[PDB]
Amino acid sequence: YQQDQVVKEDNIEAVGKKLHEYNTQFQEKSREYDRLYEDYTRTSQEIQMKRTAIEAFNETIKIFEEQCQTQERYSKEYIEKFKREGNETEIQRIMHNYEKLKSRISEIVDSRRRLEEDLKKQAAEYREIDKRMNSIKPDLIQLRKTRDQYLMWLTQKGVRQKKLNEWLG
C-alpha cells in the first residue's frame, strides 16, 4: 500500500536504454549551461572594465575642466595688462590656445559617449545571458532527477555496475 512512479519503461533493457538517453541529454544541457556561464563571467568582467574606464574618462575630463578654470582665472591679468601696450598677438595666441584646449575636450566627451553606448549594449547582453541560463536550469535539473530515478530503479532491480557504466558512457 505505497506508491511512486517516475519511471516510464518496465523491462530492464528498455529502462537502461532510456537511462542512456537521459544521461546523454543531461551532459549536453550541462555543456550548454557551462558555455553560457563562461559568457556570463566574461561579460561581467568586461562590463566592470568598461565601468572603470568610464570613471577614467570622467576623471580626465575633470582635469580638463580644472585646466579651463585656471586658464580663465590666470589669463585675466595678461589680456588686460597687455591691451595697454598693444600686444594683440598675446591675446590672439592665448585665446586660440584656449580654443585648442576646448576643442580637445569635445573629442574626449565623444569617446566617453561611445563607451557608454557599448556598456548599455553589453548590459543588455548580460541580462539575456542570465535570461537564457534561467530557462535552462529547469531542463537541466529535471534531467538530473530523471537520470537519478532511472539509476535507482535499475540498482534496486539488481543490475550490475558494468551494465550501468556502459549506459552512462
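Residues carry their position along the shown sequence, with the first being 1.
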Check your understanding: Is it true that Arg73 goes unbuilt in a third or more of the other compared entries of this protein?
Key -> no
Review point. Is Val7 unbuilt in at least a third of the other PDB entries compared?
Key: yes
Practice item. Using only the Cα atoms and their B-factors as the entry lists them, report which of 78-86 and 91-99 averages higher. Key: 78-86
Exercise for review: Give the position of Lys145 by CA B-factor within its chain, expressed as the lowest, middle or highest third.
Suggested key: lowest
Practice item. State the tercile, meaning the lowest, middle or highest third, of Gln67 with respect to the CA B-factors recorded for its chain. Key: middle
Revision key, fill the gap. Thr24: C-alpha B-factor third of its chain, per the entry, is the middle
Point to revise | Chain thirds of CA B-factor: placement of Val159 | key: middle
